[PDB]
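One letter stands for each residue in the lines below.
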Amino acid sequence: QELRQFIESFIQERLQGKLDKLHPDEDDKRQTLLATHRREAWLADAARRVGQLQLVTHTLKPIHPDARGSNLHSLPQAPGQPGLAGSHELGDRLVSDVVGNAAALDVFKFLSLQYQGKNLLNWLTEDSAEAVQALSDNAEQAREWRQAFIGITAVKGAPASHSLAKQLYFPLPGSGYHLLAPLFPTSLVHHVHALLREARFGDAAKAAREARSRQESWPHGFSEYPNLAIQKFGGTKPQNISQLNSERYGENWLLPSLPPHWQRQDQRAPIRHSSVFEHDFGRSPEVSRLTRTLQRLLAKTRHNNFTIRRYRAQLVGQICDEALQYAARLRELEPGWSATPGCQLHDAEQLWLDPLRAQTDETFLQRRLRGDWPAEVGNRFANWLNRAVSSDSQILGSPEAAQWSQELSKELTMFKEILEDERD
Amino acid sequence: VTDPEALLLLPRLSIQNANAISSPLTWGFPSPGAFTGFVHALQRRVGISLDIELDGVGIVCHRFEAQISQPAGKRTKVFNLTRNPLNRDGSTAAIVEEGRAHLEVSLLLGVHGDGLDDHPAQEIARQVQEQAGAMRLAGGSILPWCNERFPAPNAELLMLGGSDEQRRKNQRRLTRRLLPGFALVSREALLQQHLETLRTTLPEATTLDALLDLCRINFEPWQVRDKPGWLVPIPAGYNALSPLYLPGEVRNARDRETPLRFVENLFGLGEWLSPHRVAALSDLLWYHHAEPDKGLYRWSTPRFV
Amino acid sequence: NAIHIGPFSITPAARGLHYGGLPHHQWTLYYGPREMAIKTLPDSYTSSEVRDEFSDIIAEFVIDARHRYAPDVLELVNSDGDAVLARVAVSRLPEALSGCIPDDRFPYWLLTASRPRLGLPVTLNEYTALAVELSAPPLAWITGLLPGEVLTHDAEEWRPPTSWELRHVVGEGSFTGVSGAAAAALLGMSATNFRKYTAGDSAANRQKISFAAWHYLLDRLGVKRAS
DNA sequence: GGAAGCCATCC
DNA sequence: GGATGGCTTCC
């Protein structure tokens, strides 16, 4: 009805846009002939283009542009093992991307735009009378258009792969292998690219940003993503994957998947007296963040005392593990044990928390350090940790602070036992 | 699913140009499927020639170095590429992106077969080290000996030999040579727990593993609520997309004597932790177990918690 | 071309250069006669990009100015000395204080928050009188940035503010964040007659504001109480 | 003839 | 920058 008239108006607008690039020599007559041919047989020209195009959710060309294989439109079932990530998690909000010729992509975009407005996007298969009455196509032209649209909506592919795919093995239980060819998902990354764009950009996002600059706290959330990596698809033109790669501009943001200490910085192990005093504190970036979180978690209440005690125990265990790991990294990162000039208490701690007695150290001092493990170094470290954690009489007067002191004592005892087992 | 008899330790493995991406979503450490396939190929190398079968792997990642850079105007990062040679007419190659990295790892291998029965264990460890020193892990070629001649020898450790306190002593003296690295597990249980605590909000599944590993800044009641561990996402494996296909019926295979199927990646969440936080060191072996009746192809470390 | 964000100005440097092959320009951020930051930005930048290049420095300056010129806090304690019952942020001190420690002779005391406390005993009705009289508006910290002689109540010492001082409170870049149209409607004027006030120089068709309109405008914006 | 090759034009 | 072809366009 009105959709075919809108398609004819869009064809006339495309003819006017093709007449905007007009040549003064002979562009007028060619533009008039092209507009006449378009307004005559736009559907007859578009059926042969819609026969060429296929809708797809998994694509092989992002693996390599020179390879060609089977491209599949399929939503696999949800697996039995719970707690996973796949395409099965969403079914209602999918957006399929198509591979094909560029003028065919223009014809498919025109067919999708005619699919909007009315219910034509789902009714392109089941509609004869109103569609043929609106489009100006006849009964035979409408039947041929319905056949071409049912063909373009179909896959129409042969099962084959290429030599530049991955097609890896996976062993079977107690038996042989299968070949496993992976396909690049495109609808899933279009969805999460939309979600990541909405996270990084949006009125609510910038409003929460200026909120966290002004610390005005209206009921709202604020998300943030650190250290993404950016990948580029193909050469300069991105649409050769699909039109989804045209609207994503050939860009995919990658999530960080890193080991904890991936910035190998130099160690300030050396014998500074104030350096030894600060190393007894041990102010680091992650250690400073943990100390800030522990200081912020001091003023809590006891209504969530189960979850609060669990979070406090997890934070204390993480702090103890980070301290032991930093001590081990400082020890093994040390190439040799040097006699520190004026390392005030640094020698008393580094009798055990420092490296083995090398040629720079005395053999009698090494035997004396092997005679007595650093229990007093553990006591000084527990004292520095208890001084780092802000305490008050509310914890002394309350039973929850006594339980937190008992948990800190158990953690300090475990750390002292782990130190004394390796020590000596 | 099976407890090995002895534990084998690969001391200090230094790699260069290992593949960084290894995933359509992540770019950090490579998947443990490469390690499981590595010890499977190692078992196919000299494992059957010594009456030994090998089951699982432990990884610690002593140090990391990725050839990456920051493009001076934003907070993202671009990868670093290399120069392919010229095309057929001599114009220019086609640019594909790939990530390289440098690793330092150690491998912990379980032994089920006749360890001390057929041969002494140290010669077995020495010959399997000599065999493994001619392969690659994830495209990354193994470096040879450098001037650290100290981590040259290997070690074999029967886990259940002797008393219980003797077991604690030998596992602790094996842990002592494993200090600076951070072991990695699966964390599907905490993922399911936070699913059900987030299903109280709404029933979504992938948004869980989206939300659980980002810097989430809550409003003032400027707080940042935190997860206890170092939770890192990981590809769990594969789910099917096609039926099981005949070994000849598909064109352009590697070999026409192996069945074929099309798959899509499955994902999960791991965690990096210190080896002194676990007591049983046999809780740390990755096992790729296949379930071909459905699509669930899965590597994990069970018997860990 | 300059950009004006409240009392701040961002100017370019009149002759660019080529850095990395691309043409650039130096920009400077001013606060009155005081220069604060300098950056080097390329061309093909819209003015919004030049805005949020400096937005963070603006926000930090706002945070520091808010914390420094915060008003004083009094508190109400019972006879023991601890367990503060209510707090209030005043703009002046109640003039009768002298250093005290509360005892059991009275059940209510009104102490300061500073450490060598001053204090007074009250009886919950005069406390409400002092709270009504001496309270502080929500945006009282903006008065720390003003010259004082434009803030006095005595008509003999008052002088009208200039345009740069007047941009501290009116305009979308100002600290109150109120428009010129809304401030004109707050005074019962047209938008044009209010824009007459903020031209920039009285030779270029600009009039001084009155005493009464200035103090009433400071009252209605929640800056000075102006009893 | 048929293929391949190049160029070309589309998006 | 991949895809399809159309008149040329060899041998």
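Sequence order sets the numbers: each chain starts from 1, possibly unlike the entry numbering, and residues with no coordinates are not included. Here chains are named by letter from A upward and ligands by number from 1 upward, in the order in which they appear as written. Any value quoted here refers to the chains shown, not to the larger assembly they are part of. Excluded from the side-chain calculation are hydrogens and water; included are all heavy atoms of the structure. Residues with missing side-chain atoms are left out of burial classes, side-chain pairs and their counts.

Method-wise, the PDB entry is recorded as coming from cryo-EM, at a reported resolution of 3.2 Å.

Is there a simple way to think about the overall build of chain B in this case?
The secondary structure content of chain B amounts to six helices and 14 strands. When its C-alpha atoms are laid out on the principal axes, chain B stretches across 65 × 55 × 50 Å. Only DSSP runs of H or I reaching four residues or more are called helices, and only runs of E reaching two or more are called strands; each is numbered from the N terminus.

Would you explain the overall build of chain A in this entry?
For chain A, the count of helices and strands is 17 helices and nine strands. Taking 22 Å as the expected radius of gyration for a compact globule of 424 residues, we find that chain A reaches 35 Å, considerably beyond that expectation. Each principal axis of the C-alpha atoms in chain A carries an extent, and together these give about 105 × 55 × 55 Å. Of the contacts formed within chain A by residues at least 6 apart in sequence, a portion of 58% connects residues at least 24 apart. The atom set for the radius of gyration is the C-alpha atoms, and the globule formula is 2.2 Å times the number of residues raised to the power 0.38. Contact definition: two residues touch when any of their heavy atoms are within 4.5 Å.

I keep staring at helix α6 (residues 211-220) of chain C and nothing clicks. Help me out?
Owing to its 3.6 residues per turn, the α-helix brings residues three or four apart onto one side. Where α6 of chain C begins, the capping side chain belongs to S210 of chain C, and its oxygen is found 3.2 Å from the backbone nitrogen of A212 of chain C. One or two residues past the end of α6 of chain C sits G222 of chain C, with phi positive at roughly 75°. By the criterion applied in these results, polar contacts are pairs of N or O atoms within 3.5 Å in which, for protein atoms, one can donate a hydrogen and the other can accept it, and in which residues neighboring in sequence qualify only through two side-chain atoms.

How do you make sense of the environment of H162 of chain A when you look at a structure like this?
Structurally, the position occupied by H162 of chain A is in the loop between α6 (139-153) and β4 (168-171). Distance in space between the C-alpha atoms of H162 of chain A and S70 of chain A is 8.6 Å, their sequence separation being 92 residues. Apart from residues no more than four positions distant in its own chain, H162 of chain A is found in contact with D66, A67, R68 and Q167 of chain A together with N252 of chain B.

How should I be thinking about the sheet that holds strand β8 (residues 109-112) of chain C in this particular structure?
The strands that make up a sheet are held in pairs by hydrogen bonds between backbone atoms, and each pair lies either parallel or antiparallel. All names here are of chain C. Note on pairing: DSSP must find at least two bridges between two strands before they are called paired. Read from one edge of the open sheet, three strands run β7-β6-β8, paired in antiparallel fashion. Each edge of the open sheet carries a strand with a single partner, namely β7 (86-90) and β8. Each strand of the sheet is rotated relative to its neighbour by a mean of 30°, with strand direction disregarded. Relative to β7, strand β6 (residues 72-77) is paired through five bridges, and the arrangement is antiparallel. By the bridge assignment, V73 is partnered in β7 with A89. Note on method: axes are straight lines fitted to C-alpha atoms, helices fitted across the in-contact stretch only, with angles between N-to-C directions ranging 0 to 180 degrees.

What am I meant to see in the pairing of strand β8 (residues 229-232) of chain A here?
In the case of a regular strand, side chains alternate between the two sheet surfaces. In the sheet, β8 of chain A pairs with strand β5 (residues 77-79) of chain B via two bridges, with the strands oriented parallel. Opposite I230 of chain A, over in β5 of chain B, you have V78 of chain B as the bridge partner. Both β8 of chain A and strand β9 (residues 251-254) of chain A contribute to a ladder of four bridges, which runs antiparallel. Bridging across to β9 of chain A, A229 of chain A finds its partner in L254 of chain A.

Could you clarify how one ought to interpret the domain arrangement of chain B in this entry?
Where interface size is quoted, it is often the accessible area lost as the parts come together. Residues and elements named next belong to chain B. Each domain of chain B was delimited in the assignment, giving domain 1 (4-181) and domain 2 (182-301). For each domain, the first and last residues come from an automatic or database assignment. A separation of 21 Å is found between the C-alpha centroids of domain 1 and domain 2. Each side of the interface is counted separately: domain 1 has 27 residues, and domain 2 has 19 residues. Of all the secondary-structure elements, those providing two or more residues to the side of domain 1 that touches domain 2 are α1 (33-47), β2 (54-58), β6 (100-111) and α4 (164-175). Looking at the side of domain 1 that touches domain 2 element by element, the count peaks at four residues for β2. Under this grouping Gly is polar, as are all residues other than the nonpolar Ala, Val, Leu, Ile, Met, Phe, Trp, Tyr, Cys and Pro and the charged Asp, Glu, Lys and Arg. In terms of residue class, the side of domain 1 that touches domain 2 is built from 15 nonpolar, 11 polar and one charged.

I keep staring at the interface of chain B and chain A and nothing clicks. Help me out?
Every contact between the two is made by 67 residues of chain B and, on the other side, 64 residues of chain A. For the side of chain B that touches chain A, the elements supplying multiple residues, two or more each, are α1, β5, α5 (188-199), β10 (215-217), β11 (231-240), β12 (260-273), β13 (287-290) and β14 (297-300) of chain B. Counting residues per element, the side of chain B that touches chain A draws most heavily on β12 of chain B, which supplies nine residues. Of the residues in the side of chain B that touches chain A, the class split is 41 nonpolar, 11 polar and 15 charged. Note: strand β7 (residues 222-224) of chain A against β10 of chain B, three bridges, orientation antiparallel. Looking at the pairing, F222 of chain A lines up with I217 of chain B of β10 of chain B.

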